[PDB]
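For reference, the structure is listed below as C-alpha coordinates.
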Amino acid sequence: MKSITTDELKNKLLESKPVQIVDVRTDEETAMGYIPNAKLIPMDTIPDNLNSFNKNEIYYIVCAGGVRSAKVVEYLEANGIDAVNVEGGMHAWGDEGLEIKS
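Next comes the structure, spelled out in C-alpha coordinates:
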(Lines of atoms letter the chains of each structure in order from A and count residues from 1; the text may use other names and numbers.)
(Lines give C-alpha, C1' and ligand atoms only; values in the text may rest on other atoms or scores of the structure.)
Protein backbone atom coordinates (compact mmCIF):
# COMPACT_ATOMS: atom_id res chain seq x y z
CA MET A 1 0.00 0.00 0.00
CA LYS A 2 1.16 3.49 -0.85
CA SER A 3 1.53 5.65 2.19
CA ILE A 4 2.60 9.23 3.03
CA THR A 5 3.42 10.91 6.40
CA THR A 6 1.52 14.08 7.31
CA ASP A 7 4.74 16.07 7.12
CA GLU A 8 5.36 14.90 3.56
CA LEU A 9 1.75 15.66 2.60
CA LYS A 10 2.09 19.15 4.16
CA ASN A 11 5.20 19.64 2.03
CA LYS A 12 3.05 19.24 -1.06
CA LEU A 13 1.26 22.48 -0.12
CA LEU A 14 4.48 24.08 -1.40
CA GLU A 15 4.01 22.52 -4.83
CA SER A 16 2.54 23.87 -8.01
CA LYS A 17 -0.16 21.26 -8.65
CA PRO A 18 -2.89 21.08 -5.97
CA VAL A 19 -3.15 17.78 -4.13
CA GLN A 20 -6.32 15.78 -3.84
CA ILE A 21 -7.10 15.06 -0.19
CA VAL A 22 -10.16 13.02 0.77
CA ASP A 23 -11.34 13.05 4.43
CA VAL A 24 -13.37 9.88 5.09
CA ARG A 25 -14.27 10.62 8.73
CA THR A 26 -17.90 10.90 9.79
CA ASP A 27 -19.80 14.21 9.47
CA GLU A 28 -19.66 14.59 13.23
CA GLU A 29 -15.86 14.50 13.16
CA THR A 30 -15.24 16.67 10.07
CA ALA A 31 -17.62 19.26 11.58
CA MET A 32 -14.96 20.03 14.19
CA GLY A 33 -12.53 21.05 11.37
CA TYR A 34 -10.97 19.51 8.27
CA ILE A 35 -8.05 20.17 5.96
CA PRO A 36 -8.79 23.19 3.70
CA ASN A 37 -9.99 22.00 0.32
CA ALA A 38 -10.33 18.33 1.26
CA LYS A 39 -13.24 16.43 -0.33
CA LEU A 40 -15.48 15.31 2.51
CA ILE A 41 -16.72 11.77 1.76
CA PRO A 42 -17.46 9.71 4.87
CA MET A 43 -16.26 6.13 4.53
CA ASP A 44 -19.69 4.49 4.61
CA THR A 45 -20.75 6.69 1.69
CA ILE A 46 -17.65 6.04 -0.49
CA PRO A 47 -19.22 3.29 -2.73
CA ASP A 48 -21.94 5.84 -3.63
CA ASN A 49 -19.39 8.38 -4.74
CA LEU A 50 -17.08 6.57 -7.18
CA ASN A 51 -17.77 9.40 -9.64
CA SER A 52 -15.95 11.83 -7.34
CA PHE A 53 -12.68 10.16 -8.27
CA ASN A 54 -10.94 9.98 -11.62
CA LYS A 55 -8.35 7.61 -13.01
CA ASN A 56 -5.71 10.28 -13.72
CA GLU A 57 -5.30 11.72 -10.23
CA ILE A 58 -3.64 10.50 -7.00
CA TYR A 59 -5.92 10.76 -3.93
CA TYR A 60 -4.56 11.10 -0.38
CA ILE A 61 -6.96 9.49 2.05
CA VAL A 62 -7.18 10.74 5.62
CA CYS A 63 -9.23 9.60 8.64
CA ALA A 64 -8.87 10.14 12.45
CA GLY A 65 -5.94 7.82 12.90
CA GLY A 66 -5.02 6.19 9.61
CA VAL A 67 -7.04 3.02 10.10
CA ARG A 68 -10.33 3.66 8.30
CA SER A 69 -8.32 5.35 5.56
CA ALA A 70 -6.36 2.18 4.79
CA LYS A 71 -9.54 0.25 4.06
CA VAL A 72 -10.66 3.06 1.75
CA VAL A 73 -7.29 2.89 -0.11
CA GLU A 74 -7.85 -0.84 -0.76
CA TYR A 75 -11.42 -0.24 -1.94
CA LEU A 76 -10.31 2.52 -4.33
CA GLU A 77 -7.45 0.45 -5.74
CA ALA A 78 -9.90 -2.42 -6.47
CA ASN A 79 -11.85 0.21 -8.50
CA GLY A 80 -8.87 1.49 -10.51
CA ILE A 81 -8.19 4.65 -8.52
CA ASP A 82 -4.76 5.68 -7.32
CA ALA A 83 -4.95 6.20 -3.55
CA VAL A 84 -2.38 6.79 -0.84
CA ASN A 85 -2.94 6.31 2.87
CA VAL A 86 -2.03 9.35 5.04
CA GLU A 87 -0.14 7.80 7.96
CA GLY A 88 -1.42 8.73 11.40
CA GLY A 89 -4.39 10.63 9.92
CA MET A 90 -5.73 13.75 11.67
CA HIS A 91 -4.04 12.65 14.90
CA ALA A 92 -0.71 13.21 13.15
CA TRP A 93 -1.86 16.29 11.14
CA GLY A 94 -2.98 18.09 14.29
CA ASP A 95 -5.80 20.58 14.78
CA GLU A 96 -4.18 23.79 13.55
CA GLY A 97 -4.97 25.56 10.25
CA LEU A 98 -8.17 23.65 9.79
CA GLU A 99 -11.36 24.86 8.14
CA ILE A 100 -14.94 24.74 9.45
CA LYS A 101 -17.75 25.80 7.13
CA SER A 102 -20.02 28.77 8.00
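In the authors' numbering, the protein residues as written are 1 to 102. From the three backbone atoms N, C-alpha and C, an ideal C-beta is built for every residue, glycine too.
- prompt: Whole alpha helix (DSSP H) runs in the segment 42-97 with 4 or more residues, listed along the chain?
  reply: Complete alpha helix (DSSP H) runs here, min 4: 68-77 and 89-93.
- prompt: Within this structure, are the beta carbons of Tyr59 and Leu98 separated by less than 8 Å?
  reply: Against the sequence shown, residue 59 aligns to sequence position 59. Against the sequence shown, residue 98 aligns to sequence position 98. No, the Cβ-Cβ distance between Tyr59 and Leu98 is not below 8 Å.
query: Under a Cβ-count criterion, where at least 16 other Cβ atoms within 10 Å of its own Cβ denotes burial, should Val67 be classed as buried or exposed?
result: Translated into the one-based positions of the sequence shown, residue 67 becomes position 67. Residue environment analysis places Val67 among the exposed positions, since fewer than 16 neighbouring C-beta atoms fall within 10 angstroms of its C-beta.
task: Could you tell me the distance, in whole angstroms, from the CA atom of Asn85 to the CA atom of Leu76?
output: Residue mapping note: residue 85 aligns to position 85 of the sequence shown, counting from 1. Residue mapping note: residue 76 aligns to position 76 of the sequence shown, counting from 1. Whole-angstrom Cα-Cα distance: 11 Å.
query: When you compare only the Cα positions, how much space is there between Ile81 and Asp7?
result: As a first step, residue 81 must be located in the sequence shown, where it is residue number 81. As a first step, residue 7 must be located in the sequence shown, where it is residue number 7. Using only the alpha carbons, I get a separation of about 23 Å.
- request: Provide the residue(s) that pair with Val19 in DSSP beta bridges, ordered along the chain.
  value: Stepping through the sequence shown from its first residue, residue 19 is reached at position 19. Within the DSSP secondary-structure output, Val19 pairs in no beta bridge.
query: Hey, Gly94 and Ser69 are a contact pair by Cβ (cut 8 Å); roughly how many whole angstroms apart?
result: Numbered from its first residue, the sequence shown carries residue 94 at position 94. Numbered from its first residue, the sequence shown carries residue 69 at position 69. Between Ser69 and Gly94 the Cβ distance is about 16 Å, and since that is not below 8 Å, they are no contact.
query: Quick one, which of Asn56, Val73, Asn54 and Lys55 has its alpha-carbon nearest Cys63's?
result: What you label residue 63 is simply residue 63 of the sequence shown in a count that begins at 1. Comparing alpha carbon positions, the residue from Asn56, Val73, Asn54 and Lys55 closest to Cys63 is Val73.
query: Smallest Cα separation from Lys17: which of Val24, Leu9 and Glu28?
result: Taking the sequence shown and counting its residues from 1, one reaches residue 17 at position 17. Checked all of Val24, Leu9 and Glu28; the closest Cα to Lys17 is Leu9.
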